[PDB]
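Chains as they are written, first to last, in the authors' numbering: chain E, 5 to 194; chain D, 3 to 193; chain H, 5 to 194; chain I, 5 to 193; chain A, 5 to 194; chain B, 5 to 194.
Reading through the structure tokens given below for one structure.
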Amino acid sequence: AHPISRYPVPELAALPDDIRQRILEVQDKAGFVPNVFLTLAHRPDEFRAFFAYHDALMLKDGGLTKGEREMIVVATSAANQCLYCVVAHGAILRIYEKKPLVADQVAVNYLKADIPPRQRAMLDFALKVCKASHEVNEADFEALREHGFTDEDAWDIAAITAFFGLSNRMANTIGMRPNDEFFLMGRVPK
Amino acid sequence: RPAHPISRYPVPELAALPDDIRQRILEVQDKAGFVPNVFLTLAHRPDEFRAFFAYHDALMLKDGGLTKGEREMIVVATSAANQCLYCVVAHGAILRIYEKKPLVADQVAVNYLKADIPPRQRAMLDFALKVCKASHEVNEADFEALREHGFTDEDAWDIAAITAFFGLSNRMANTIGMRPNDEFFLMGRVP
Amino acid sequence: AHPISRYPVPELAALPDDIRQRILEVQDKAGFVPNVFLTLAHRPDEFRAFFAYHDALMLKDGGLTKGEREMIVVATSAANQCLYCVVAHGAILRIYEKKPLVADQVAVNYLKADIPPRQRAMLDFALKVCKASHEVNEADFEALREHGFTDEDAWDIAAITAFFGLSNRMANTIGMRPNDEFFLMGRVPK
Amino acid sequence: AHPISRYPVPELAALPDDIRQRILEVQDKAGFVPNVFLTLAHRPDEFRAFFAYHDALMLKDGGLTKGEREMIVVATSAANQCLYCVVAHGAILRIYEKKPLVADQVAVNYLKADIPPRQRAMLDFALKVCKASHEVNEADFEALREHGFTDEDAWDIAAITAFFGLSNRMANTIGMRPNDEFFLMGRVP
Amino acid sequence: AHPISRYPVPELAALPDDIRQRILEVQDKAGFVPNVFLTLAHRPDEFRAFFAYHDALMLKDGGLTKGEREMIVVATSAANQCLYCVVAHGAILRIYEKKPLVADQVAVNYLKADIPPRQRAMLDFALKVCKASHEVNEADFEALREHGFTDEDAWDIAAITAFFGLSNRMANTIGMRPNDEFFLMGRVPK
Amino acid sequence: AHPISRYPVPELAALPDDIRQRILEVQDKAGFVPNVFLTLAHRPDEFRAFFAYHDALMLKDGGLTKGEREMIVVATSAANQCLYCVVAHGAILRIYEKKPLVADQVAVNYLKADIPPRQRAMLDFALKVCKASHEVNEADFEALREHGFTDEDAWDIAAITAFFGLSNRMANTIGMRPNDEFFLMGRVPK
């Protein structure tokens with residue numbers, strides 16, 4: 005087995021109960037524990053805040069579909085050359101939208117991915133928040149509204165981009181390894 | 003003198019907010035004399051507010067190999083690289099206060115390579131900057147370099163975490179037009 | 005059926021004998037025709053020279069294994085954000101290496117791929133020929149030689165990088181589309 | 005004499021005949037042999053594939069003029085800091101255009117070269133293909149059309165950019181040295 | 005005390021009297037001698053050429069206000085990450101505009117400083133000369149004219165940018181330290 | 005005849021006597037007037053300080069030969085893509101060095117110019133001051149000392165680089181044209 009982190013990966017039995025429950029609850033749904041859970045459990049207080057933030061953005065009722073949210077995470081993680089997040093969320097993207105080819109395209113060159121203008125423009129904003137938020141101006145929000153987004157959708161695209169930047173940096177810094185399961189998941193329909 | 007807007011987004015009234023959030027805002031006010039705008043602007047999305055400050059507290063309030071000033075120093079250099087006006091200005095004030103060095107935050111914001119800091123701290127910021135702009139390139143030699151200056155790998159995680167979270171903060175700050183309070187600009191400049 | 009080129013694509017019948025002969029040869033071996041053949045057959049003389057150059061590099065006897073050559077292609081194409089070549093050779097790399105996870109790693113961040121230092125080094129060089137060839141110097145070759153390569157291997161790396169650099173630009177310019185087959189090919193072992 | 009490559013340079017004596025032929029042919033219609041032939045003759049198969057592709061682009065009847073083809077090479081090569089190609093095709097550019105100053109301009113900053121907006125628009129594309137092809141969209145082909153180019157012309161511009169990127173990377177990697185003759189050629193009408 | 009330069013700082017008594025008078029003139033004007041004077045005096049011919057040029061740009065009567073000229077310096081100095089110039093001219097900018105916040109805003113992100121569109125356009129052009137002067141075209145001048153800048157004002161902007169680009173590089177090369185006084189100057193209005 | 009500036013070029017009869025004198029002294033010397041003189045004449049106060057700085061550096065006696073000084077200008081100009089300075093000073097460089105090929109080499113890729121390690125090392129420091137002076141450190145000076153350059157020689161390199169970048173920006177902003185004479189000058193010896 006290849007190491008999943010550069011840092012100590014604690015034993016499920018050594019972890020506090022609430023952390024342990026979130027990990028098991030994810031194993032139940034997924035069938036395995038994604039390595040982000042295990043690797044970030046090295047620092048319990050950060051694990052708690054990381055997933056709290058994650059949930060607040062990814063589980064909320066919002067203008068962005070669950071698929072679109074993961075698509076944001078894939079395009080921005082590509083930009084940061086983040087192995088784990090590209091691979092982990094590429095799979096989920098494929099599942100959530102039932103499009104086996106789309107995550108690959110968004111990761112290699114989203115400019116040429118088989119997605120609609122509304123989504124392309126969604127990502128354009130995400131890439132700007134990612135690499136150059138200092139230049140975010142009113143024309144940027146106008147561009148999103150031209151496609152039916154509200155400014156609250158803008159905040160949403162921005163917040164996902166922001167938080168998965170936190171996550172890409174942590175994953176790259178510790179060499180967080182994507183589970184084998186993610187590499188094939190969502191590629192074969194039905 | 004009508005005040006400048008602090009966000010391009012709505013700012014809720016302290017009264018129209020959850021008591022837990024209201025209490026955190028009052029605790030910071032009753033200890034600073036004013037409410038930093040990050041609390042009021044993020045209070046537009048209460049669940050994100052709670053998750054932000056909890057993450058913030060986990061890194062900036064823990065016991066650790068980094069001093070309180072050093073942690074703020076990391077924020078200032080990384081924020082300066084992202085050209086985050088709120089963060090550079092807000093955390094420069096706090097850096098000056100913690101270090102008791104009125105000049106250090108401006109040096110770190112403009113070019114930390116010439117800041118009045120020891121090579122241990124310059125090394126710490128070299129790493130922070132790598133995580134900040136090229137984390138995918140982080141390797142074992144980057145950890146070795148920090149260790150050469152007396153850091154442990156647990157300290158290396160603290161640096162990287164702070165960089166990571168304020169890269170989030172920066173991005174939100176910049177997207178919403180988060181405006182630094184007037185008090186930060188002058189705070190810590192007079193010994 | 006999405007289009008595979010921004011330019012006209014000719015009918016196999018329409019093409020010269022040797023071109024159709026080369027295309028039939030691959031149709032039979034693979035069970036389909038990669039789009040690169042069809043889309044470049046729009047300009048018969050360039051097709052001829054493109055594939056002659058390709059064969060001279062990828063079919064020669066040499067110090068790089070077939071899978072190492074494809075590895076060079078995935079890492080440099082990722083650099084040029086070439087959807088066609090990343091996806092296409094990504095599949096081919098998985099076949100030759102019998103490693104289903106490697107092509108994704110090489111395409112996203114080859115610095116974290118599951119490859120030995122000799123292969124990392126081979127890629128470090130390729131990446132310099134790709135993005136900064138004017139800086140290539142004697143110490144670059146000396147670095148390779150310390151990993152066991154010969155100067156003739158180094159040329160091979162450089163040459164693959166040069167040629168696929170050409171291919172990336174043609175692919176990208178015309179929006180050459182990777183075949184659906186390539187996205188799953190090599191991910192489930194035989 | 006300075007070395008023309010960091011790699012071995014075969015003797016014409018020991019080369020396949022078809023390769024000697026094109027070298028000895030160059031020696032007549034030029035009086036000397038550009039180092040690109042001799043340096044790439046180290047690998048005969050690559051030599052053959054390389055010149056065929058070159059001839060396929062540069063010698064075809066097409067929408068771009070001979071001089072315009074060279075102008076694309078000089079500008080893209082200049083962007084890849086390719087000493088060999090900038091200098092060698094700067095010369096040929098001067099010979100075709102009969103304009104001794106144009107290559108230098110195209111090499112330093114084509115944006116200020118003495119050329120009409122049509123040729124500048126063309127080179128704007130060439131430089132997009134050169135450094136950011138993944139971003140090439142319909143608006144780029146539309147831009148060229150406004151100056152009277154067709155999409156076939158765009159392909160030719162892109163293919164020249166693509167090929168000389170190969171040529172540049174090879175030059176740069178082996179230290180291919182421009183012949184002395186190229187530095188002065190075409191500077192006197 | 006911290007050294008103000010990597011190089012020797014000549015004593016007054018040792019300097020040519022004309023050079024000594026400019027230094028003593030500013031001592032009276034400011035109440036201290038900015039380290040630019042003291043440190044460049046190491047090379048008297050250059051001190052003369054330098055301050056002559058400075059005065060030709062910053063003392064001329066012309067299109068740009070005195071605060072506007074300082075704004076160009078701080079924003080362009082911020083982009084060459086010049087510690088000395090950013091800090092020194094930020095101080096002056098605060099005084100001339102009577103706006104204690106505007107310098108830090110211009111230094112970090114002029115796009116978000118409290119300045120009219122005219123001043124933003126001005127600095128857009130300054131930053132183009134500063135980082136990409138080779139791309140300066142007629143559309144650049146056209147944009148400026150829309151805000152009230154003549155071609156002679158555009159020259160002034162470019163000229164300031166260019167000269168302070170020289171200044172930044174000497175400051176940066178020698179470690180030209182800013183005077184303690186500039187850090188606090190202009191923050192509490194008179 | 006192509007315009008030599010985007011701005012007015014004054015007639016020498018219309019200029020101050022000292023300015024007309026300098027302009028006729030160079031004509032005496034060169035047999036033509038470099039367009040830098042005529043175009044900057046548009047601003048006599050700046051013309052004076054500009055040529056006063058130029059002389060302070062280019063005419064001084066110091067550790068750099070006259071050729072090496074031009075070589076710094078051509079390498080750094082080239083990096084600012086300054087048509088005027090590259091072409092003009094390339095010509096001068098050919099003269100001073102009696103090396104017809106050397107300026108082209110330095111202009112395109114100095115890393116491959118026919119120059120010894122000492123000169124390559126002087127240009128490495130020049131390009132650093134040119135594009136990243138904020139990162140100049142004690143090790144860059146040490147690198148120059150190993151090649152025999154003194155503290156004052158380093159200042160000369162840094163100073164020429166700084167001043168010619170002011171020149172590049174000004175040439176670039178006004179579309180300063182180089183004279184037909186510089187294009188062929190020095191390419192043929194004796």
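Ideal Cβ positions, reconstructed from N, Cα and C, are used throughout, including at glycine.
(request) Starting from A/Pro48, follow the alpha helix (DSSP H) in both directions and report where the run begins and ends. (result) 48 to 62
(message) At the 8 angstroms Cβ level, is D/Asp184 part of the contact set with chain E, yes or no?
(response) no
(request) Mark B/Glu156 as exposed unless 16 or more other C-beta atoms lie within 10 angstroms of its C-beta, in which case mark it buried. (result) exposed
(request) May I ask you to report which of helix, strand or coil DSSP gives E/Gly179? (result) coil
(request) At 7 angstroms on the CB atoms, spell out the chain H contacts of I/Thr165, in chain order. (result) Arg173
(message) Strictly under 8 angstroms for the Cβ-Cβ distance: is H/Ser9 near chain I by that measure?
(response) no
(request) Give a yes or no on contact between the region 72 to 85 of chain A and the region 22 to 32 of chain A, applying the rule of three or more CB pairs nearer than 8 angstroms. (result) no
(message) Short of 7 angstroms in beta carbon distance, which residues of its chain neighbour E/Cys86, apart from the five on each side in sequence? Order them along the chain.
(response) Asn172, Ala175, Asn176
(message) By the three-class DSSP mapping on this structure, what secondary structure does H/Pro193 have?
(response) coil
(message) Suppose you measure from the CA of E/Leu19 to the CA of E/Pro48; what does that come to, to the nearest Å?
(response) 8 angstroms
(message) For H/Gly94, would you say it is in contact with chain I, using Cβ-to-Cβ distances shorter than 8 angstroms as the test?
(response) no
(request) Please name the residues in the region 78 to 94 of chain E whose beta-carbon is closer than 7 angstroms to at least one beta-carbon of chain D, in chain order. (result) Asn84, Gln85, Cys86
(request) May I ask you to list, following chain order, the residues of the region 131 to 147 of chain D that have a beta carbon less than 7 angstroms from some beta carbon of chain E? (result) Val133, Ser137, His138, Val140
(request) Please name the residue, chosen from A/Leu127, A/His46, A/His58, that lies closest to B/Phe51 on a Cα-to-Cα basis. (result) A/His58
(request) Express the C-alpha separation of A/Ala53 and B/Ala56 in angstroms, rounding to a whole number. (result) 5 angstroms
(message) To test your reading of the DSSP string, which unbroken alpha helix (DSSP H) runs of 4 or more residues are found completely within the region 134 to 165 of chain E?
(response) 142 to 150
(request) Would you please state the rounded distance, in angstroms, between the beta carbons of I/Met126 and I/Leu148? I believe it to be under 8 angstroms. (result) 7 angstroms
(request) Drop a sphere of 10 angstroms on the beta-carbon of I/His6, count the other beta-carbons inside from all chains shown, and report buried for 16 or more, exposed for fewer. (result) exposed
(message) Would B/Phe54 pass as an interface residue toward chain A - the criterion being a Cβ-Cβ separation below 8 angstroms?
(response) yes
(request) Just the chain D side, please: which residues come within less than 8 angstroms of A/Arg191 by C-beta, in chain order? (result) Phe187, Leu188, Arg191
(message) Between the alpha carbons of E/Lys64 and E/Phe187, how many angstroms are there, rounded?
(response) 27 angstroms
(message) For E/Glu74 and E/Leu97, which I take to be in contact (beta-carbon distance under 8 angstroms), what is that distance rounded to the nearest angstrom?
(response) 4 angstroms
(request) Using only alpha-carbon positions, find the residue among A/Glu101, A/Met62, A/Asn84, A/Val37 that is nearest to A/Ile8. (result) A/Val37
(request) Kindly say whether B/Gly169, judged by its beta-carbon, lies nearer than 8 angstroms to any beta-carbon of chain A. (result) yes
(message) Counting only Cβ-Cβ distances shorter than 9 angstroms, please list the residues of the region 94 to 118 of chain A near chain D, keeping chain order.
(response) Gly94, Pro104, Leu105, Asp108, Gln109, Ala111, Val112, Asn113, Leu115, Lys116, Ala117, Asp118
(message) Determine, for A/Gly71, whether the minimum Cβ-Cβ distance to residues of chain D falls below 8 angstroms.
(response) no
(message) Please classify B/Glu72 as buried or exposed, where buried requires at least 16 other C-beta atoms within 10 Å of its C-beta.
(response) buried
(request) Please classify A/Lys132: does DSSP put it in a helix, a strand, or coil? (result) helix
(message) Between A/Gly67 and chain D, is the shortest Cβ-Cβ distance under 8 angstroms, so that the two count as touching?
(response) no
(message) Given this structure, state the Cα-to-Cα distance separating B/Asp21 from B/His46, to the nearest angstrom.
(response) 14 angstroms
(request) Please list, in chain order, all residues of the same chain as B/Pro12 whose beta carbon is under 7 angstroms from its beta carbon, the five residues on each side excluded. (result) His46
(request) Classify E/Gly152 as buried or exposed, calling it buried when 16 or more other Cβ atoms lie within 10 Å of its own Cβ. (result) exposed
(request) Determine, using beta carbons only, whether B/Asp155 comes closer than 8 angstroms to chain A. (result) yes
(request) Identify, in the order they occur along the chain, each residue of the same chain with its Cβ nearer than 8 angstroms to the Cβ of I/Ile178, setting aside the five sequence neighbours on each side. (result) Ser9, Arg10, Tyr11, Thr43
(message) I'd like to check one pair, E/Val133 with E/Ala117: are the Cβ atoms closer than 8 angstroms?
(response) no
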